[PDB]
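What follows is a set of notes on a single structure, which appears directly below.
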Amino acid sequence: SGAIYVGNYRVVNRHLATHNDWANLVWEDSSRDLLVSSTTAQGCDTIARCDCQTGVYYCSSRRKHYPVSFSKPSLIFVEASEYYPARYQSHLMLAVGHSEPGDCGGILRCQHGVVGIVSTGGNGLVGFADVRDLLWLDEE
Ligand SMILES: COc1ccccc1CC(=O)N1CC[C@@H](NC(N)=O)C1
Ligand SMILES: [Zn+2]
């Protein structure tokens with residue numbers, strides 16, 4: 001589990017969105033595993049606007065933050081899970097790092113701010129849904 005709180009937005013994995021998220025929906029995209037809902041309180045996270053390929057992510061199954069090198073956002077085939085059939089996911093970045101299904105939502109960050117959230121993984125890989133192209137998260 002986990003979310004990014006930026007401005008009056010909450011960014012979560014689409015597959016973990018709550019009824020309150022759907023009833024306060026701003027934007028969602030199944031092909032990216034992302035959903036954004038509105039919030040009453042202002043958040044403290046800032047979004048990175050950069051091309052970093054190194055950062056640090058939070059892994060709940062280890063209660064630890066790990067440094068990682070990650071690929072550029074791409075279209076990658078993701079295996080079937082309890083939440084999606086096997087399909088192509090867009091804007092996904094892969095890295096070598098531990099992950100388990102419930103690690104989705106952990107933040108990946110660089111020196112510039114939040115880069116994305118854990119979305120996929122297995123066998124010593126972890127995949128992150130990028131958010132750096134969503135420029136509208138920084139305004140209104
Ligand atoms: C972090 O995911 C894993 C880690 C280790 C093993 C297996 C997984 C995959 C998994 O169970 N998934 C459930 C949510 C689905 N998200 C998506 N964007 O398709 C991925
Ligand atoms: Zn950066």
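By convention in this document, the chains of the structure tokens carry letters A, B, ... by their order, each chain's residues are numbered from 1, and ligands are numbered from 1 in the order they are shown.
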
Please identify every polymer residue within 10 Å of ligand 1, using only C-alpha atoms and all ligand atoms, and present the set as a VMD selection string. chain A and resid 13 to 16 30 to 34 59 77 to 90 92 98 to 106 118 to 129

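Neighbouring residues of ligand 2 at a cut-off of 7 Å, counting only C-alpha atoms and all ligand atoms, are residues 48, 49, 50, 51, 52, 110, 111, 112 and 113 of chain A.
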
Using only N, CA and C atoms, please write the residues we just selected to a file, as a short mmCIF file (atom, residue, chain, number, x, y, z; two decimals), in the first residue's frame.
```cif
data_model
loop_
_atom_site.label_atom_id
_atom_site.label_comp_id
_atom_site.auth_asym_id
_atom_site.auth_seq_id
_atom_site.Cartn_x
_atom_site.Cartn_y
_atom_site.Cartn_z
N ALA A 48 9.27 15.05 -8.92
CA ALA A 48 10.51 15.27 -9.66
C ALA A 48 10.16 15.61 -11.11
N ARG A 49 10.91 16.58 -11.68
CA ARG A 49 10.75 16.97 -13.10
C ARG A 49 12.18 16.89 -13.66
N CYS A 50 12.56 15.69 -14.05
CA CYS A 50 13.96 15.37 -14.38
C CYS A 50 14.04 14.09 -15.23
N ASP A 51 15.32 13.68 -15.57
CA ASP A 51 15.51 12.43 -16.28
C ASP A 51 16.43 11.50 -15.47
N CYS A 52 16.34 11.55 -14.13
CA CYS A 52 17.15 10.62 -13.30
C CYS A 52 16.79 9.19 -13.61
N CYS A 110 14.11 10.62 -6.21
CA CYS A 110 15.49 11.05 -6.56
C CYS A 110 15.77 12.38 -5.85
N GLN A 111 16.96 13.02 -6.11
CA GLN A 111 17.24 14.30 -5.46
C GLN A 111 16.22 15.40 -5.78
N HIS A 112 15.45 15.25 -6.89
CA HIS A 112 14.49 16.27 -7.32
C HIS A 112 13.09 16.11 -6.72
N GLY A 113 12.80 14.92 -6.17
CA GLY A 113 11.47 14.69 -5.61
C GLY A 113 10.98 13.29 -5.94
#
```

Please extract the residues of chain A with a backbone DSSP assignment of strand (DSSP E or B) and present them as number ranges by chain. A: 4-13, 25-29, 34-44, 47, 54-59, 64-70, 74-78, 87-96, 107-110, 113-122, 125-130

Spatial neighbours of residue A:11, max dist 7 Å, only C-alpha atoms, sep filter under 6 positions, as an mmCIF file with C-alpha atoms, in the first residue's frame:
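File selection-v7.cif, as written:
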```
data_model
loop_
_atom_site.group_PDB
_atom_site.id
_atom_site.type_symbol
_atom_site.label_atom_id
_atom_site.label_comp_id
_atom_site.auth_asym_id
_atom_site.auth_seq_id
_atom_site.Cartn_x
_atom_site.Cartn_y
_atom_site.Cartn_z
ATOM 1 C CA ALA A 3 0.233 6.971 -1.978
ATOM 2 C CA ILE A 4 1.809 10.290 -3.096
ATOM 3 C CA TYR A 5 0.235 13.398 -1.522
ATOM 4 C CA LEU A 35 -5.520 6.718 -10.205
ATOM 5 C CA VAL A 36 -5.607 10.244 -8.777
ATOM 6 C CA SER A 37 -8.282 11.512 -6.370
#
```

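Among the candidates A:94, A:134, A:25, A:114, the residue lying nearest to residue A:38 is A:25 (atoms considered: only C-alpha atoms).
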
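The shortest atom-to-atom distance to residue A:46, with only C-alpha atoms taken into account, belongs to A:6 out of A:6, A:107, A:131, A:12.
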
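The smallest atom-to-atom distance between residue A:108 and any of A:9, A:22, A:66, A:27, using only C-alpha atoms, is found for A:66.
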
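Here atom CA of residue A:61 stands at a distance of 26.2 Å from atom CA of residue A:29.
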
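Distances from A:41, A:97, A:28, A:47 to residue A:62 were compared using only C-alpha atoms, and the smallest one belongs to A:97.
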
Test item, alpha helix (DSSP H) assignment across chain A, answer as a PyMOL selection string: chain A and resi 19-23

When you draw a straight line from atom CA of residue A:135 to atom CA of residue A:18, how long is it in Å? 24.0 Å

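The residue that comes closest to residue A:55, out of A:1, A:24, A:17, A:117 and on the basis of only C-alpha atoms, is A:117.
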
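In this structure, atom CA of residue A:23 sits 26.0 Å away from atom CA of residue A:115.
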
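Nearest-residue note for residue A:109: choosing from A:2, A:73, A:65, A:96, the minimum distance belongs to A:65, counting only C-alpha atoms.
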